[PDB]
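Scroll down for the structure; my scribbles are underneath it.
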2 protein chains.
Amino acid sequence: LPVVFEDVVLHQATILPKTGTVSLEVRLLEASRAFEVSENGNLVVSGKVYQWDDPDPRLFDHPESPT
Amino acid sequence: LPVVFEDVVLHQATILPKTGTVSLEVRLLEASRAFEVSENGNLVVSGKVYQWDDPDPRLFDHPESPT
């Protein structure tokens, strides 16, 4: 599954404890091509995610070197 | 529940068939205070919905008419 992300915004940073676990929830909206990552009801990541219908390998050719 | 909407956008109009039914699916993102109604995987309404924490009846007073 090639994928394309867009307008990713990181609202906060989740600190992993030494002992114990932290749960993250991902909710998708296929109709709106959106997504959402949450931790105890607090938005932690937002943006747009959808499948790349027509991949183009040309996109991965190395660009002209700045120097 | 005193609710507050914001940035409601109607995308396509749903025609109600004379004979049959149309299924509207409503998904919420409580973390982002956002909602999206969909019809057969197509977006119909997008916006924000959230509970009105502090209702103020003064908001419903009738503004003085310009005429």
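We label chains A, B, ... in the order they appear in the structure tokens, count residues from 1 in each chain, and number ligands from 1 in the order shown.
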What residues in chain B lie within 6 Å of chain A, counting only C-alpha atoms, written as JSON, numbers by chain?
-> {"B": [31, 41, 42, 43]}
Transformed chain A, reference chain B, in-order C-alpha pairing, as a PDB file with N, CA, C and O atoms, in the first residue's frame:
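part.pdb written:
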```
ATOM      1  N   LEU A   1     -29.207  18.830  25.804  1.00  0.00           N
ATOM      2  CA  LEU A   1     -27.868  19.080  25.270  1.00  0.00           C
ATOM      3  C   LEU A   1     -27.869  20.296  24.356  1.00  0.00           C
ATOM      4  O   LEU A   1     -28.085  20.170  23.143  1.00  0.00           O
ATOM      5  N   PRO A   2     -27.631  21.490  24.892  1.00  0.00           N
ATOM      6  CA  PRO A   2     -27.297  22.619  24.020  1.00  0.00           C
ATOM      7  C   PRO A   2     -26.035  22.321  23.228  1.00  0.00           C
ATOM      8  O   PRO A   2     -25.076  21.748  23.748  1.00  0.00           O
ATOM      9  N   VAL A   3     -26.035  22.721  21.956  1.00  0.00           N
ATOM     10  CA  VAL A   3     -24.957  22.381  21.038  1.00  0.00           C
ATOM     11  C   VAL A   3     -24.573  23.610  20.228  1.00  0.00           C
ATOM     12  O   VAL A   3     -25.345  24.558  20.085  1.00  0.00           O
ATOM     13  N   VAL A   4     -23.354  23.578  19.696  1.00  0.00           N
ATOM     14  CA  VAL A   4     -22.818  24.644  18.861  1.00  0.00           C
ATOM     15  C   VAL A   4     -22.228  24.017  17.607  1.00  0.00           C
ATOM     16  O   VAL A   4     -21.399  23.106  17.697  1.00  0.00           O
ATOM     17  N   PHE A   5     -22.655  24.501  16.446  1.00  0.00           N
ATOM     18  CA  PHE A   5     -22.118  24.078  15.165  1.00  0.00           C
ATOM     19  C   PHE A   5     -21.201  25.163  14.622  1.00  0.00           C
ATOM     20  O   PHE A   5     -21.336  26.339  14.968  1.00  0.00           O
ATOM     21  N   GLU A   6     -20.266  24.765  13.767  1.00  0.00           N
ATOM     22  CA  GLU A   6     -19.319  25.713  13.204  1.00  0.00           C
ATOM     23  C   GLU A   6     -18.801  25.206  11.871  1.00  0.00           C
ATOM     24  O   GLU A   6     -18.592  24.006  11.693  1.00  0.00           O
ATOM     25  N   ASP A   7     -18.592  26.137  10.945  1.00  0.00           N
ATOM     26  CA  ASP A   7     -17.961  25.839   9.664  1.00  0.00           C
ATOM     27  C   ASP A   7     -18.672  24.693   8.953  1.00  0.00           C
ATOM     28  O   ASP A   7     -18.044  23.836   8.328  1.00  0.00           O
ATOM     29  N   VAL A   8     -19.999  24.678   9.046  1.00  0.00           N
ATOM     30  CA  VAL A   8     -20.780  23.684   8.329  1.00  0.00           C
ATOM     31  C   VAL A   8     -20.666  23.946   6.837  1.00  0.00           C
ATOM     32  O   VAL A   8     -20.848  25.079   6.374  1.00  0.00           O
ATOM     33  N   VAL A   9     -20.353  22.903   6.075  1.00  0.00           N
ATOM     34  CA  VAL A   9     -20.252  22.986   4.624  1.00  0.00           C
ATOM     35  C   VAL A   9     -21.062  21.846   4.028  1.00  0.00           C
ATOM     36  O   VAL A   9     -20.874  20.685   4.405  1.00  0.00           O
ATOM     37  N   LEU A  10     -21.958  22.175   3.107  1.00  0.00           N
ATOM     38  CA  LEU A  10     -22.812  21.191   2.450  1.00  0.00           C
ATOM     39  C   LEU A  10     -22.213  20.895   1.082  1.00  0.00           C
ATOM     40  O   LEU A  10     -22.353  21.685   0.145  1.00  0.00           O
ATOM     41  N   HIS A  11     -21.545  19.749   0.969  1.00  0.00           N
ATOM     42  CA  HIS A  11     -20.828  19.428  -0.258  1.00  0.00           C
ATOM     43  C   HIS A  11     -21.760  18.986  -1.375  1.00  0.00           C
ATOM     44  O   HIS A  11     -21.466  19.235  -2.550  1.00  0.00           O
ATOM     45  N   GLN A  12     -22.871  18.336  -1.046  1.00  0.00           N
ATOM     46  CA  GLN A  12     -23.803  17.884  -2.067  1.00  0.00           C
ATOM     47  C   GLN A  12     -25.172  17.694  -1.435  1.00  0.00           C
ATOM     48  O   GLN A  12     -25.306  17.621  -0.212  1.00  0.00           O
ATOM     49  N   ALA A  13     -26.188  17.619  -2.289  1.00  0.00           N
ATOM     50  CA  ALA A  13     -27.568  17.449  -1.859  1.00  0.00           C
ATOM     51  C   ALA A  13     -28.014  16.019  -2.124  1.00  0.00           C
ATOM     52  O   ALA A  13     -27.818  15.499  -3.226  1.00  0.00           O
ATOM     53  N   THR A  14     -28.607  15.387  -1.115  1.00  0.00           N
ATOM     54  CA  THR A  14     -29.093  14.018  -1.222  1.00  0.00           C
ATOM     55  C   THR A  14     -30.571  14.046  -1.586  1.00  0.00           C
ATOM     56  O   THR A  14     -31.377  14.660  -0.881  1.00  0.00           O
ATOM     57  N   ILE A  15     -30.919  13.391  -2.689  1.00  0.00           N
ATOM     58  CA  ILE A  15     -32.289  13.357  -3.183  1.00  0.00           C
ATOM     59  C   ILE A  15     -32.949  12.088  -2.665  1.00  0.00           C
ATOM     60  O   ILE A  15     -32.481  10.979  -2.940  1.00  0.00           O
ATOM     61  N   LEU A  16     -34.032  12.245  -1.920  1.00  0.00           N
ATOM     62  CA  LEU A  16     -34.733  11.098  -1.364  1.00  0.00           C
ATOM     63  C   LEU A  16     -35.612  10.462  -2.433  1.00  0.00           C
ATOM     64  O   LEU A  16     -36.469  11.148  -2.999  1.00  0.00           O
ATOM     65  N   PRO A  17     -35.445   9.178  -2.739  1.00  0.00           N
ATOM     66  CA  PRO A  17     -36.298   8.547  -3.747  1.00  0.00           C
ATOM     67  C   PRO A  17     -37.721   8.360  -3.247  1.00  0.00           C
ATOM     68  O   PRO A  17     -37.986   8.275  -2.047  1.00  0.00           O
ATOM     69  N   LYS A  18     -38.648   8.292  -4.204  1.00  0.00           N
ATOM     70  CA  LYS A  18     -40.044   8.039  -3.864  1.00  0.00           C
ATOM     71  C   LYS A  18     -40.204   6.673  -3.212  1.00  0.00           C
ATOM     72  O   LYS A  18     -40.895   6.531  -2.196  1.00  0.00           O
ATOM     73  N   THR A  19     -39.567   5.654  -3.782  1.00  0.00           N
ATOM     74  CA  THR A  19     -39.587   4.301  -3.246  1.00  0.00           C
ATOM     75  C   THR A  19     -38.157   3.869  -2.965  1.00  0.00           C
ATOM     76  O   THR A  19     -37.277   4.028  -3.817  1.00  0.00           O
ATOM     77  N   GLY A  20     -37.930   3.331  -1.777  1.00  0.00           N
ATOM     78  CA  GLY A  20     -36.600   2.983  -1.320  1.00  0.00           C
ATOM     79  C   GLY A  20     -36.096   3.979  -0.290  1.00  0.00           C
ATOM     80  O   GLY A  20     -36.698   5.024  -0.039  1.00  0.00           O
ATOM     81  N   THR A  21     -34.962   3.627   0.309  1.00  0.00           N
ATOM     82  CA  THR A  21     -34.371   4.410   1.380  1.00  0.00           C
ATOM     83  C   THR A  21     -32.914   4.704   1.058  1.00  0.00           C
ATOM     84  O   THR A  21     -32.257   3.968   0.317  1.00  0.00           O
ATOM     85  N   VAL A  22     -32.416   5.795   1.630  1.00  0.00           N
ATOM     86  CA  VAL A  22     -31.022   6.196   1.507  1.00  0.00           C
ATOM     87  C   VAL A  22     -30.430   6.263   2.905  1.00  0.00           C
ATOM     88  O   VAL A  22     -31.032   6.846   3.813  1.00  0.00           O
ATOM     89  N   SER A  23     -29.258   5.662   3.078  1.00  0.00           N
ATOM     90  CA  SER A  23     -28.596   5.593   4.371  1.00  0.00           C
ATOM     91  C   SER A  23     -27.551   6.691   4.487  1.00  0.00           C
ATOM     92  O   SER A  23     -26.799   6.953   3.544  1.00  0.00           O
ATOM     93  N   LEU A  24     -27.511   7.334   5.649  1.00  0.00           N
ATOM     94  CA  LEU A  24     -26.534   8.367   5.958  1.00  0.00           C
ATOM     95  C   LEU A  24     -25.762   7.963   7.204  1.00  0.00           C
ATOM     96  O   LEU A  24     -26.345   7.451   8.166  1.00  0.00           O
ATOM     97  N   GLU A  25     -24.453   8.197   7.190  1.00  0.00           N
ATOM     98  CA  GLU A  25     -23.567   7.803   8.276  1.00  0.00           C
ATOM     99  C   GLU A  25     -22.922   9.039   8.880  1.00  0.00           C
ATOM    100  O   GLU A  25     -22.449   9.914   8.150  1.00  0.00           O
ATOM    101  N   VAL A  26     -22.902   9.106  10.207  1.00  0.00           N
ATOM    102  CA  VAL A  26     -22.316  10.221  10.938  1.00  0.00           C
ATOM    103  C   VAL A  26     -21.148   9.686  11.748  1.00  0.00           C
ATOM    104  O   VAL A  26     -21.324   8.786  12.577  1.00  0.00           O
ATOM    105  N   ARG A  27     -19.961  10.235  11.510  1.00  0.00           N
ATOM    106  CA  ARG A  27     -18.762   9.871  12.248  1.00  0.00           C
ATOM    107  C   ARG A  27     -18.246  11.095  12.984  1.00  0.00           C
ATOM    108  O   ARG A  27     -18.062  12.155  12.377  1.00  0.00           O
ATOM    109  N   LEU A  28     -18.014  10.947  14.282  1.00  0.00           N
ATOM    110  CA  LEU A  28     -17.561  12.037  15.128  1.00  0.00           C
ATOM    111  C   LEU A  28     -16.108  11.828  15.526  1.00  0.00           C
ATOM    112  O   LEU A  28     -15.631  10.696  15.642  1.00  0.00           O
ATOM    113  N   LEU A  29     -15.408  12.936  15.730  1.00  0.00           N
ATOM    114  CA  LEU A  29     -14.064  12.945  16.293  1.00  0.00           C
ATOM    115  C   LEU A  29     -14.108  13.841  17.524  1.00  0.00           C
ATOM    116  O   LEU A  29     -13.962  15.061  17.417  1.00  0.00           O
ATOM    117  N   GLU A  30     -14.313  13.233  18.692  1.00  0.00           N
ATOM    118  CA  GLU A  30     -14.410  14.016  19.918  1.00  0.00           C
ATOM    119  C   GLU A  30     -13.144  14.827  20.148  1.00  0.00           C
ATOM    120  O   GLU A  30     -13.209  15.984  20.579  1.00  0.00           O
ATOM    121  N   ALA A  31     -11.982  14.240  19.868  1.00  0.00           N
ATOM    122  CA  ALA A  31     -10.727  14.940  20.116  1.00  0.00           C
ATOM    123  C   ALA A  31     -10.636  16.218  19.295  1.00  0.00           C
ATOM    124  O   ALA A  31     -10.211  17.260  19.806  1.00  0.00           O
ATOM    125  N   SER A  32     -11.031  16.162  18.028  1.00  0.00           N
ATOM    126  CA  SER A  32     -10.905  17.299  17.127  1.00  0.00           C
ATOM    127  C   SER A  32     -12.165  18.147  17.045  1.00  0.00           C
ATOM    128  O   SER A  32     -12.169  19.147  16.323  1.00  0.00           O
ATOM    129  N   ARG A  33     -13.230  17.778  17.755  1.00  0.00           N
ATOM    130  CA  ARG A  33     -14.490  18.520  17.717  1.00  0.00           C
ATOM    131  C   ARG A  33     -15.018  18.643  16.290  1.00  0.00           C
ATOM    132  O   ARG A  33     -15.535  19.687  15.890  1.00  0.00           O
ATOM    133  N   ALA A  34     -14.895  17.571  15.518  1.00  0.00           N
ATOM    134  CA  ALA A  34     -15.311  17.554  14.126  1.00  0.00           C
ATOM    135  C   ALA A  34     -16.402  16.514  13.928  1.00  0.00           C
ATOM    136  O   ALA A  34     -16.708  15.723  14.821  1.00  0.00           O
ATOM    137  N   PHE A  35     -17.000  16.531  12.742  1.00  0.00           N
ATOM    138  CA  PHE A  35     -18.005  15.544  12.377  1.00  0.00           C
ATOM    139  C   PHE A  35     -18.008  15.390  10.863  1.00  0.00           C
ATOM    140  O   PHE A  35     -17.339  16.132  10.139  1.00  0.00           O
ATOM    141  N   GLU A  36     -18.771  14.410  10.389  1.00  0.00           N
ATOM    142  CA  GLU A  36     -18.770  14.060   8.975  1.00  0.00           C
ATOM    143  C   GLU A  36     -20.027  13.264   8.669  1.00  0.00           C
ATOM    144  O   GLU A  36     -20.383  12.356   9.424  1.00  0.00           O
ATOM    145  N   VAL A  37     -20.691  13.608   7.571  1.00  0.00           N
ATOM    146  CA  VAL A  37     -21.887  12.914   7.111  1.00  0.00           C
ATOM    147  C   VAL A  37     -21.587  12.350   5.732  1.00  0.00           C
ATOM    148  O   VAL A  37     -21.031  13.051   4.880  1.00  0.00           O
ATOM    149  N   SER A  38     -21.939  11.087   5.516  1.00  0.00           N
ATOM    150  CA  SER A  38     -21.553  10.372   4.310  1.00  0.00           C
ATOM    151  C   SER A  38     -22.744   9.622   3.736  1.00  0.00           C
ATOM    152  O   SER A  38     -23.705   9.301   4.438  1.00  0.00           O
ATOM    153  N   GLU A  39     -22.661   9.345   2.438  1.00  0.00           N
ATOM    154  CA  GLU A  39     -23.657   8.543   1.734  1.00  0.00           C
ATOM    155  C   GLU A  39     -22.927   7.725   0.680  1.00  0.00           C
ATOM    156  O   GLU A  39     -22.518   8.265  -0.351  1.00  0.00           O
ATOM    157  N   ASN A  40     -22.767   6.430   0.933  1.00  0.00           N
ATOM    158  CA  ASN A  40     -22.047   5.543   0.022  1.00  0.00           C
ATOM    159  C   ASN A  40     -20.622   6.034  -0.211  1.00  0.00           C
ATOM    160  O   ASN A  40     -20.110   6.003  -1.331  1.00  0.00           O
ATOM    161  N   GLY A  41     -19.974   6.494   0.853  1.00  0.00           N
ATOM    162  CA  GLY A  41     -18.589   6.905   0.773  1.00  0.00           C
ATOM    163  C   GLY A  41     -18.353   8.258   0.145  1.00  0.00           C
ATOM    164  O   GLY A  41     -17.204   8.575  -0.181  1.00  0.00           O
ATOM    165  N   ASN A  42     -19.393   9.065  -0.037  1.00  0.00           N
ATOM    166  CA  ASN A  42     -19.272  10.400  -0.603  1.00  0.00           C
ATOM    167  C   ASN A  42     -19.602  11.431   0.463  1.00  0.00           C
ATOM    168  O   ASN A  42     -20.681  11.387   1.061  1.00  0.00           O
ATOM    169  N   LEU A  43     -18.678  12.356   0.695  1.00  0.00           N
ATOM    170  CA  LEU A  43     -18.885  13.385   1.702  1.00  0.00           C
ATOM    171  C   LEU A  43     -20.081  14.247   1.325  1.00  0.00           C
ATOM    172  O   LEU A  43     -20.179  14.725   0.192  1.00  0.00           O
ATOM    173  N   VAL A  44     -20.991  14.448   2.277  1.00  0.00           N
ATOM    174  CA  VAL A  44     -22.210  15.203   2.014  1.00  0.00           C
ATOM    175  C   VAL A  44     -22.315  16.402   2.951  1.00  0.00           C
ATOM    176  O   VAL A  44     -22.938  17.410   2.605  1.00  0.00           O
ATOM    177  N   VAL A  45     -21.709  16.310   4.134  1.00  0.00           N
ATOM    178  CA  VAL A  45     -21.676  17.426   5.076  1.00  0.00           C
ATOM    179  C   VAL A  45     -20.422  17.305   5.927  1.00  0.00           C
ATOM    180  O   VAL A  45     -19.981  16.204   6.264  1.00  0.00           O
ATOM    181  N   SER A  46     -19.850  18.453   6.278  1.00  0.00           N
ATOM    182  CA  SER A  46     -18.678  18.503   7.137  1.00  0.00           C
ATOM    183  C   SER A  46     -18.743  19.771   7.971  1.00  0.00           C
ATOM    184  O   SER A  46     -19.373  20.757   7.587  1.00  0.00           O
ATOM    185  N   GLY A  47     -18.080  19.735   9.115  1.00  0.00           N
ATOM    186  CA  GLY A  47     -18.066  20.877  10.004  1.00  0.00           C
ATOM    187  C   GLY A  47     -17.615  20.470  11.392  1.00  0.00           C
ATOM    188  O   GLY A  47     -17.084  19.381  11.600  1.00  0.00           O
ATOM    189  N   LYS A  48     -17.838  21.381  12.334  1.00  0.00           N
ATOM    190  CA  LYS A  48     -17.466  21.191  13.727  1.00  0.00           C
ATOM    191  C   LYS A  48     -18.708  21.236  14.604  1.00  0.00           C
ATOM    192  O   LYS A  48     -19.564  22.110  14.440  1.00  0.00           O
ATOM    193  N   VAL A  49     -18.806  20.288  15.531  1.00  0.00           N
ATOM    194  CA  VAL A  49     -19.917  20.213  16.472  1.00  0.00           C
ATOM    195  C   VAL A  49     -19.367  19.897  17.853  1.00  0.00           C
ATOM    196  O   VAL A  49     -18.511  19.019  18.005  1.00  0.00           O
ATOM    197  N   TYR A  50     -19.856  20.611  18.862  1.00  0.00           N
ATOM    198  CA  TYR A  50     -19.448  20.363  20.237  1.00  0.00           C
ATOM    199  C   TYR A  50     -20.509  20.919  21.170  1.00  0.00           C
ATOM    200  O   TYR A  50     -21.342  21.737  20.772  1.00  0.00           O
ATOM    201  N   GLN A  51     -20.471  20.463  22.418  1.00  0.00           N
ATOM    202  CA  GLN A  51     -21.448  20.891  23.407  1.00  0.00           C
ATOM    203  C   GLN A  51     -21.159  22.308  23.881  1.00  0.00           C
ATOM    204  O   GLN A  51     -20.006  22.728  23.996  1.00  0.00           O
ATOM    205  N   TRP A  52     -22.230  23.043  24.166  1.00  0.00           N
ATOM    206  CA  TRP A  52     -22.128  24.399  24.694  1.00  0.00           C
ATOM    207  C   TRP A  52     -21.960  24.312  26.205  1.00  0.00           C
ATOM    208  O   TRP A  52     -22.912  24.006  26.927  1.00  0.00           O
ATOM    209  N   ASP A  53     -20.745  24.581  26.685  1.00  0.00           N
ATOM    210  CA  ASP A  53     -20.449  24.381  28.099  1.00  0.00           C
ATOM    211  C   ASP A  53     -21.232  25.353  28.974  1.00  0.00           C
ATOM    212  O   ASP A  53     -21.827  24.953  29.981  1.00  0.00           O
ATOM    213  N   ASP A  54     -21.247  26.634  28.606  1.00  0.00           N
ATOM    214  CA  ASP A  54     -21.855  27.686  29.421  1.00  0.00           C
ATOM    215  C   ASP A  54     -22.853  28.463  28.577  1.00  0.00           C
ATOM    216  O   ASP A  54     -22.503  29.475  27.957  1.00  0.00           O
ATOM    217  N   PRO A  55     -24.107  28.021  28.529  1.00  0.00           N
ATOM    218  CA  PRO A  55     -25.115  28.764  27.766  1.00  0.00           C
ATOM    219  C   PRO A  55     -25.330  30.158  28.330  1.00  0.00           C
ATOM    220  O   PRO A  55     -25.179  30.399  29.529  1.00  0.00           O
ATOM    221  N   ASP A  56     -25.678  31.083  27.443  1.00  0.00           N
ATOM    222  CA  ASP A  56     -25.968  32.469  27.813  1.00  0.00           C
ATOM    223  C   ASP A  56     -27.268  32.889  27.144  1.00  0.00           C
ATOM    224  O   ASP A  56     -27.274  33.139  25.921  1.00  0.00           O
ATOM    225  N   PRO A  57     -28.377  32.988  27.879  1.00  0.00           N
ATOM    226  CA  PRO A  57     -29.644  33.360  27.234  1.00  0.00           C
ATOM    227  C   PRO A  57     -29.615  34.724  26.575  1.00  0.00           C
ATOM    228  O   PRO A  57     -30.461  34.996  25.715  1.00  0.00           O
ATOM    229  N   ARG A  58     -28.676  35.594  26.948  1.00  0.00           N
ATOM    230  CA  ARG A  58     -28.593  36.904  26.315  1.00  0.00           C
ATOM    231  C   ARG A  58     -28.424  36.784  24.807  1.00  0.00           C
ATOM    232  O   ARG A  58     -28.868  37.662  24.060  1.00  0.00           O
ATOM    233  N   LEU A  59     -27.785  35.710  24.343  1.00  0.00           N
ATOM    234  CA  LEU A  59     -27.571  35.520  22.914  1.00  0.00           C
ATOM    235  C   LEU A  59     -28.877  35.460  22.139  1.00  0.00           C
ATOM    236  O   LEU A  59     -28.881  35.732  20.934  1.00  0.00           O
ATOM    237  N   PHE A  60     -29.982  35.117  22.794  1.00  0.00           N
ATOM    238  CA  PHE A  60     -31.262  34.941  22.128  1.00  0.00           C
ATOM    239  C   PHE A  60     -32.181  36.143  22.290  1.00  0.00           C
ATOM    240  O   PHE A  60     -33.355  36.065  21.917  1.00  0.00           O
ATOM    241  N   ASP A  61     -31.683  37.246  22.837  1.00  0.00           N
ATOM    242  CA  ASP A  61     -32.459  38.476  22.858  1.00  0.00           C
ATOM    243  C   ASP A  61     -32.487  39.088  21.464  1.00  0.00           C
ATOM    244  O   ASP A  61     -31.461  39.173  20.787  1.00  0.00           O
ATOM    245  N   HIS A  62     -33.668  39.514  21.039  1.00  0.00           N
ATOM    246  CA  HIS A  62     -33.840  39.925  19.657  1.00  0.00           C
ATOM    247  C   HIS A  62     -32.958  41.134  19.352  1.00  0.00           C
ATOM    248  O   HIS A  62     -32.902  42.079  20.149  1.00  0.00           O
ATOM    249  N   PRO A  63     -32.265  41.146  18.215  1.00  0.00           N
ATOM    250  CA  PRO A  63     -31.389  42.276  17.900  1.00  0.00           C
ATOM    251  C   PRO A  63     -32.184  43.508  17.507  1.00  0.00           C
ATOM    252  O   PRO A  63     -33.388  43.456  17.250  1.00  0.00           O
ATOM    253  N   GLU A  64     -31.483  44.639  17.469  1.00  0.00           N
ATOM    254  CA  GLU A  64     -32.102  45.874  17.011  1.00  0.00           C
ATOM    255  C   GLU A  64     -32.676  45.669  15.615  1.00  0.00           C
ATOM    256  O   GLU A  64     -31.988  45.182  14.713  1.00  0.00           O
ATOM    257  N   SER A  65     -33.938  46.040  15.438  1.00  0.00           N
ATOM    258  CA  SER A  65     -34.586  45.833  14.153  1.00  0.00           C
ATOM    259  C   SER A  65     -33.906  46.687  13.085  1.00  0.00           C
ATOM    260  O   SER A  65     -33.625  47.867  13.323  1.00  0.00           O
ATOM    261  N   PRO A  66     -33.625  46.131  11.899  1.00  0.00           N
ATOM    262  CA  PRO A  66     -32.999  46.960  10.854  1.00  0.00           C
ATOM    263  C   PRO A  66     -33.800  48.209  10.537  1.00  0.00           C
ATOM    264  O   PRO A  66     -33.217  49.277  10.307  1.00  0.00           O
ATOM    265  N   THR A  67     -35.129  48.104  10.525  1.00  0.00           N
ATOM    266  CA  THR A  67     -36.012  49.254  10.365  1.00  0.00           C
ATOM    267  C   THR A  67     -36.730  49.486  11.689  1.00  0.00           C
ATOM    268  O   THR A  67     -37.663  48.739  12.025  1.00  0.00           O
TER     269      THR A  67
END
```
Return as a PDB file with C-alpha atoms, in the first residue's frame the full set of residues in chain A whose backbone-based DSSP assignment is strand (DSSP E).
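As a result, selection37.pdb now contains:
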```pdb
ATOM      1  CA  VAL A   3       0.360   6.046   0.781  1.00  0.00           C
ATOM      2  CA  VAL A   4       0.340   9.844   0.720  1.00  0.00           C
ATOM      3  CA  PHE A   5       0.230  12.068   3.804  1.00  0.00           C
ATOM      4  CA  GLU A   6      -0.714  15.737   3.811  1.00  0.00           C
ATOM      5  CA  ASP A   7      -1.003  18.643   6.233  1.00  0.00           C
ATOM      6  CA  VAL A   8       0.354  16.589   9.116  1.00  0.00           C
ATOM      7  CA  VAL A   9       0.312  18.645  12.321  1.00  0.00           C
ATOM      8  CA  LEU A  10       1.834  17.441  15.597  1.00  0.00           C
ATOM      9  CA  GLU A  25      -6.179   5.715  19.069  1.00  0.00           C
ATOM     10  CA  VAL A  26      -6.403   6.273  15.309  1.00  0.00           C
ATOM     11  CA  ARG A  27      -9.735   7.274  13.771  1.00  0.00           C
ATOM     12  CA  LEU A  28     -10.103   7.528   9.998  1.00  0.00           C
ATOM     13  CA  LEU A  29     -12.663   9.323   7.844  1.00  0.00           C
ATOM     14  CA  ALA A  34      -8.655  12.616   7.080  1.00  0.00           C
ATOM     15  CA  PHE A  35      -7.232  10.961  10.177  1.00  0.00           C
ATOM     16  CA  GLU A  36      -6.730  11.657  13.868  1.00  0.00           C
ATOM     17  CA  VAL A  37      -4.463  10.344  16.633  1.00  0.00           C
ATOM     18  CA  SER A  38      -5.557  10.675  20.253  1.00  0.00           C
ATOM     19  CA  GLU A  39      -4.337   9.939  23.772  1.00  0.00           C
ATOM     20  CA  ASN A  42      -6.360  14.841  23.622  1.00  0.00           C
ATOM     21  CA  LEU A  43      -5.498  15.462  19.982  1.00  0.00           C
ATOM     22  CA  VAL A  44      -1.876  14.503  19.340  1.00  0.00           C
ATOM     23  CA  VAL A  45      -1.712  14.313  15.528  1.00  0.00           C
ATOM     24  CA  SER A  46      -3.962  15.404  12.674  1.00  0.00           C
ATOM     25  CA  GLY A  47      -3.737  15.461   8.909  1.00  0.00           C
ATOM     26  CA  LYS A  48      -4.821  13.796   5.688  1.00  0.00           C
ATOM     27  CA  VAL A  49      -3.956  10.247   4.611  1.00  0.00           C
ATOM     28  CA  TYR A  50      -5.034   8.388   1.481  1.00  0.00           C
ATOM     29  CA  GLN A  51      -3.788   5.727  -0.907  1.00  0.00           C
TER      30      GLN A  51
END
```
